[PDB]
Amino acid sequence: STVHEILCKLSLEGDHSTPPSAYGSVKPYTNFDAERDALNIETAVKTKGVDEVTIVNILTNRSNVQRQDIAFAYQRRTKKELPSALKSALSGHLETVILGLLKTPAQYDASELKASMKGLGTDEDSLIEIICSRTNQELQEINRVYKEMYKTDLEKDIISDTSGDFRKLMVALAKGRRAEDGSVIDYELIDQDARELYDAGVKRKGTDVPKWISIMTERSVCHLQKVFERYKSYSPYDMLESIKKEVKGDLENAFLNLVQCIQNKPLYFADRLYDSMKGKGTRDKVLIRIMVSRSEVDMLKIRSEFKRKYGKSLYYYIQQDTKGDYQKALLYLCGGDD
């Protein structure tokens, strides 16, 4: 029946389920009550002036699945979308954060991608980030959600907003077909691949790009880590440096990003986070995106790397470059200092 069709889509939680990810700084609330949270939130938004402190305190303190529970209980009581309430109730950088926290990981990345590709000049960095960083599983969920929301393939949007070997590189990566190379180590292949990167690379006048795309999209991370090392027995420059000498533009931007993620991903974000705060003022768009998307994945390692390299903790840097509940939100998302 159509009672079975609705019956197919549901379940409940409270021990559920098992996405721990110790590398996340955001853990589900212990004693969680979705209804009582939706309640207080509704109470907080109706307060003249908008008690923010409550809303921020609750949402940055609940896990993503929890937020999803909270948001549904809210539409149940109020007959209105929580996402729409907060977009009205909040403003500035704090709104951008809470609204990003209110999305599923896939939905967030999907919406971020769409935002970048709107227009002639894309917002280029953000596209590259997600793409280069996301795993095969993360990426295919982005492909699902992106279709559901925008009634189009993500591939086609990339094709419209990109040209040349850039488009080539982005379409290939976004396919999320990379290998896993779990146990057996392929030494000739490692060596073969190193030689190819060199042969299409520094060795040759100009560059043979698709050759680089194939290896760096297809091969597994581990295999590439080892490839990038063996690479050095061929070229005077390491992989990162060769890219700078071989190519330029957004192609260069992309390959550089992709290589770091493969080599060390948490360090990659650590660096991007440092870069977002280092000058006069800050780049908030990048700072928020990372803090929202890595909060449940690698944040603990990003922290480790961030301190090892820069000497001071991510927490310290957030305090210093952000003030207000916006800051407190980032800090909750960060989880503590090192």
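Residue positions are given as counts along the sequence shown, with the first one as 1.
S.K.: If you average the Cα B factors in the entry, which is higher, 43-51 or 280-288?
M.R.: Per the PDB record, 280-288.
S.K.: Where do the C-alpha atoms have the higher mean temperature factor in this entry, in 221-229 or in 179-187?
M.R.: Comparing 221-229 with 179-187, the higher average CA B-factor belongs to 179-187.
S.K.: Per the entry, which of 137, 107, 260, 214 tops the list for Cα B factor?
M.R.: Of the candidates given, the C-alpha B-factor peaks at 137.
S.K.: Highest recorded C-alpha temperature factor, please, choosing from 123, 112, 129, 95.
M.R.: By C-alpha B-factor in the record, 123 ranks first.
S.K.: Ranked by Cα temperature factor within the chain, is residue 327 in the lowest third, the middle third or the highest third?
M.R.: Lowest third - that is where residue 327 ends up once the chain's C-alpha B-factors are sorted.
S.K.: Would you mind checking where the Cα B-factor of residue 303 ranks among the modelled residues of its chain, as the lowest, middle or highest third?
M.R.: CA B-factor rank for residue 303: middle third.
S.K.: When the deposited Cα B-factors of this chain's modelled residues are ordered and cut into thirds, is residue 237 in the lowest, the middle or the highest one?
M.R.: For residue 237, whose C-alpha B-factor we compare with every modelled residue in the chain, the answer is the middle third.
S.K.: What third of the chain does residue 150 rank in for C-alpha temperature factor, lowest, middle or highest?
M.R.: Highest third of the chain for residue 150's C-alpha B-factor.
S.K.: With respect to C-alpha B-factor, does residue 133 fall in the lowest, middle or highest third of the chain as deposited?
M.R.: Its C-alpha B-factor, which the entry lists for residue 133, ranks in the lowest third among residues of this chain.
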